[PDB]
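Each chain, letter by letter, is given below.
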Amino acid sequence: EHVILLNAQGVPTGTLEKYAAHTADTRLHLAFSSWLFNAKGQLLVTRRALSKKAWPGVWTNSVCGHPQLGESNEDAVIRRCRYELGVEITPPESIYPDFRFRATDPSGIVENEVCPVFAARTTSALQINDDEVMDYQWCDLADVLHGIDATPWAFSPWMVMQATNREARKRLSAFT
Amino acid sequence: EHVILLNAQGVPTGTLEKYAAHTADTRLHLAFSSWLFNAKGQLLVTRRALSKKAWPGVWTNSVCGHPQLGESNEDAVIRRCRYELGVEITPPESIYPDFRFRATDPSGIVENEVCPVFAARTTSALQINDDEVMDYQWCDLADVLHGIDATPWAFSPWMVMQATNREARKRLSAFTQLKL
Ligand SMILES: C[C@@H](CO)CCOP(=O)(O)OP(=O)(O)O
Ligand SMILES: C[C@H](CO)CCOP(=O)(O)OP(=O)(O)O
Ligand SMILES: [Mg+2]
Ligand SMILES: [Mg+2]
Ligand SMILES: [Mn+2]
Ligand SMILES: [Mn+2]
């Protein structure tokens with residue numbers, strides 16, 4: 001498994017092993033972020049396993065990942081939903097297509113990503129992969145947004161950035 | 001290091017090495033929890049280190065610990081503030097002396113404690129201890145209380161429980177006053 005390095009423009013220029021790619025000096029690459037809601041309109045929020053290299057133990061939006069060469073964003077989402085959460089989903093829909101960010105985690109591990117954001121509805125029950133998720137909570141978007149507005153530090157930095165993007169917030173608010 | 005074992009009532013019966021005491025079947029023991037405010041009245045929120053046996057990587061209030069043999073709870077508070085956060089404090093105030101809590105953490109570790117709660121002001125800069133604390137933030141109490149209300153599952157259960165105790169909460173609020 002790998003990540004896709006991107007030049008100043010979003011042009012793929014090569015790849016790196018996924019583990020070896022996230023360091024104190026992580027280089028720009030391709031990723032995705034996805035927010036999942038069940039049939040009742042609840043948002044799935046997850047807590048990253050303690051073994052994740054970047055932001056271990058941190059509360060975040062439902063599923064995040066790294067598309068592989070030749071893979072569409074939507075397929076990557078479906079893939080990681082299955083892999084991390086054993087869940088089937090409806091076709092992922094665009095909510096923040098130009099999201100990009102760089103941040104540093106408490107141990108100094110950096111993420112540096114072009115990271116289009118999506119949303120989808122689950123169509124099956126979760127089956128948790130504890131190598132990836134250590135905890136999770138089905139909740140009302142509205143409460144999650146309040147939490148994010150009041151104590152952003154309690155959540156991953158990119159979760160906060162996405163939720164406080166005016167357009168992306170409107171679009172998520174329509175999934176409930 | 002040890003914990004002080006308490007019987008079915010909060011009466012001490014002996015001691016037990018710290019690590020070995022905290023398992024999936026933790027016996028009742030003495031502990032403390034403290035809420036620290038800077039001069040400006042901001043609350044110090046901290047994140048437990050990933051190496052903590054119980055609730056690693058979790059956001060919680062300022063500092064918690066285990067008094068040792070012959071130690072006042074207040075002394076214990078002063079000591080862990082120094083050890084965990086390197087910080088000097090004013091005399092800790094008792095804000096919830098009867099707090100008691102039992103709970104299992106995300107991997108099955110149990111805390112079962114008599115845990116009086118205190119509040120105090122910091123009087124020095126921080127020197128965070130990375131083997132204890134992996135991250136922190138200085139916050140306005142109102143915000144913290146609003147996040148706890150909106151998403152309580154994102155913080156330690158004992159922070160939520162203490163924060164929603166009416167008397168405790170009013171003490172916390174009193175410490176938000178700016179003090180030179
Ligand atoms: C209320 C309990 C835990 O919730 C107090 C325990 O404090 P800890 O920090 O977990 O213990 P210690 O500081 O002694 O390692
Ligand atoms: C974190 C960037 C954007 O948020 C995407 C990567 O999310 P990860 O969960 O770290 O991806 P992976 O599951 O492949 O480890
Ligand atoms: Mg992921
Ligand atoms: Mg402690
Ligand atoms: Mn990445
Ligand atoms: Mn204990």
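About the criteria used
- Residues numbered from 1 in each chain as written, not as in the entry; some residues may be left out.
- Chains lettered and ligands numbered in written order.
- Heavy atoms only, no water.
- UniProt positions renumbered as here; feature names shortened; annotations may be inferred.
- Helix = DSSP H or I, 4+ residues; strand = E, 2+ residues; numbered from the N terminus.
- Rg over C-alpha atoms; globule rule 2.2 N^0.38 Å.
- Buried < 20%, exposed > 50% of the residue type's maximum accessible area, 1.4 Å probe, protein only.
- Contact = heavy atoms within 4.5 Å.
- Areas by Shrake-Rupley, 256 points an atom, 1.4 Å probe, with all protein chains shown as cover.
- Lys, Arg positive; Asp, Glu negative; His and termini not counted.
- Charge placed at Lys NZ, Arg CZ, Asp CG, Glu CD.
- Donors = N, O, S within 2.8 Å, 3.2 Å for Na, K, Ca; no water.
- Tetrahedral: all angles 85-135°; square planar, octahedral: opposite > 155°, others 65-115°.
- Near = heavy atom within 4 Å.
- Polar contact = N/O pair within 3.5 Å; in protein donor to acceptor, adjacent residues only side chain to side chain.
- Nonpolar A, V, L, I, M, F, W, Y, C, P; charged D, E, K, R; others polar.
- Disulfide = S-S within 2.5 Å.

- The deposited coordinates derive from X-ray crystallography, with the record listing a resolution of 1.97 Å.

- In the nomenclature of the PDB entry, chain B is known as Isopentenyl-diphosphate delta-isomerase of Escherichia coli.
- In UniProt, chain B has this text filed under Function: "Catalyzes the 1,3-allylic rearrangement of the homoallylic substrate isopentenyl (IPP) to its highly electrophilic allylic isomer, dimethylallyl diphosphate (DMAPP)."
- Turning to chain B, the UniProt annotation filed under Subcellular location states: "Cytoplasm".

- As recorded in the PDB entry, chain A goes by Isopentenyl-diphosphate delta-isomerase and comes from Escherichia coli.
- Listed in UniProt under the heading Function, the comment for chain A reads: "Catalyzes the 1,3-allylic rearrangement of the homoallylic substrate isopentenyl (IPP) to its highly electrophilic allylic isomer, dimethylallyl diphosphate (DMAPP)."
- In the Subunit part of its UniProt record, chain A is described as follows: "Homodimer."

### Examining the overall build of chain B
Here is step 1 of the chain: Regarding its fold elements, chain B presents five helices and 12 strands.
Here is step 2 of the chain: Its C-alpha atoms give chain B a radius of gyration of 15 Å, near enough to 16 Å, the size a compact globule of 180 residues would have.
Here is step 3 of the chain: Principal-axis analysis of the C-alpha atoms gives chain B an extent of 40 × 35 × 30 Å.
Here is step 4 of the chain: Relative to its 180 residues, chain B shows a buried fraction of 55%.
Here is step 5 of the chain: For chain B, the proportion of contacts with a sequence separation of at least 24, taken over those separated by at least 6, is 69%.
Here is step 6 of the chain: Counting every atom, chain B has about 7,800 Å² of accessible surface; 52% of that belongs to carbon and sulfur.
Here is step 7 of the chain: Of the charged side chains in chain B, 18 are positive and 21 negative; the average position of the first set lies 3 Å away from that of the second.

### Concerning the coordination of the manganese ion (ligand 6)
Residues and elements named next belong to chain B.
Here is step 1 of the chain: Looking at the metal site, the manganese ion (ligand 6) is ligated by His22 (NE2), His29 (NE2), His66 (NE2), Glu111 (OE), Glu111 (OE) and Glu113 (OE), spaced 1.9 to 2.4 Å from it.
Here is step 2 of the chain: The site at the manganese ion (ligand 6) holds six donor atoms, and with the angles between them running 55 to 155°, its shape is irregular.
Here is step 3 of the chain: Donor residues for the manganese ion (ligand 6), ordered by position in the chain, follow H-x6-H-x36-H-x44-E-x1-E. Within this pair, whereas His22 is found in the loop between α1 (18-21) and β3 (29-30), its partner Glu113 is found in strand β10 (residues 110-114), the two being separated by 91 residues in sequence. Of the two residues, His22 and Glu113, neither departs from the other in class, the shared state being buried.

### Some thoughts on the coordination of the magnesium ion (ligand 4)
Residues and elements named next belong to chain B.
Here is step 1 of the chain: Taken together, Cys64 (O) and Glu84 (OE) make up the full set of protein donors to the magnesium ion (ligand 4), lying 2.0 to 2.2 Å away. Residue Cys64 is located in strand β7 (residues 63-65), and its partner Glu84 is located in helix α2 (residues 73-85); the two are separated by 20 residues in the primary sequence.
Here is step 2 of the chain: Accessibility expressed as a relative area gives 8% for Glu84, which makes it buried.

### A short note on the site of ligand 1
All names here are of chain B.
Here is step 1 of the chain: Around ligand 1, a shell composed of 15 residues is seen, among which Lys18, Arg48, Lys52, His66 and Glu113 lie nearest.
Here is step 2 of the chain: A distance of 3.3 Å separates an oxygen atom of ligand 1 from a polar side-chain atom of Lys18.
Here is step 3 of the chain: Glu113 is positioned such that a nitrogen or oxygen atom in its side chain is 3.3 Å from an oxygen atom of ligand 1.
Here is step 4 of the chain: Summarising the interface, the protein chains cover 96% of the accessible area of ligand 1, which totals 400 Å² for the free molecule.
Here is step 5 of the chain: Each residue belonging to the shell around ligand 1 can be placed in one class, and the counts come to six nonpolar, two polar and seven charged.

### Considering the site of ligand 2
Residue and element names in this part refer to chain A.
Here is step 1 of the chain: With respect to spatial proximity, 15 residues lie near ligand 2, and among them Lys18, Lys52, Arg80, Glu84 and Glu113 are the closest.
Here is step 2 of the chain: Here an oxygen atom of ligand 2 and a side-chain polar atom of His66 are 3.2 Å apart.
Here is step 3 of the chain: Separating an oxygen atom of ligand 2 from a side-chain N or O atom of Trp158 is a distance of 3.3 Å.
Here is step 4 of the chain: Bound to the protein, ligand 2 loses 96% of the 390 Å² it would expose on its own.
Here is step 5 of the chain: Breaking the shell around ligand 2 down by element, the ones donating at least two residues are β7 (63-65), α2 (73-85) and β10 (110-114).
Here is step 6 of the chain: Split into classes, the residues belonging to the shell around ligand 2 amount to six nonpolar, two polar and seven charged.

### Topic: helix α3 (residues 141-150) of chain B
Here is step 1 of the chain: Turning to α3 of chain B, its buried residues number three or more, namely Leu141, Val144, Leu145, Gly147, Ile148 and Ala150 of chain B.
Here is step 2 of the chain: Summarising the contacts, the buried residues of α3 of chain B are in contact with α3 (141-150) of chain A together with β5 (43-48), β12 (133-139), α4 (157-163) and α5 (166-174) of chain B.

### Looking at the state of the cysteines
Covalent bonding between the sulfur atoms of two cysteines is what defines a disulfide.
Here is step 1 of the chain: As enumerated under the stated definition, the model contains zero disulfides over all chains in all.
Here is step 2 of the chain: Not engaged in a disulfide, the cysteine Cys115 of chain A finds its nearest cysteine sulfur in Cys64 of chain A; these two sulfurs lie 6.2 Å apart.
Here is step 3 of the chain: According to the relative accessible area criterion, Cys115 of chain A is buried, its value standing at 1%.
Here is step 4 of the chain: Summary of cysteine pairing: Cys81 of chain B is not part of a disulfide, and the nearest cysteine sulfur, belonging to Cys64 of chain B, is at 10.0 Å.

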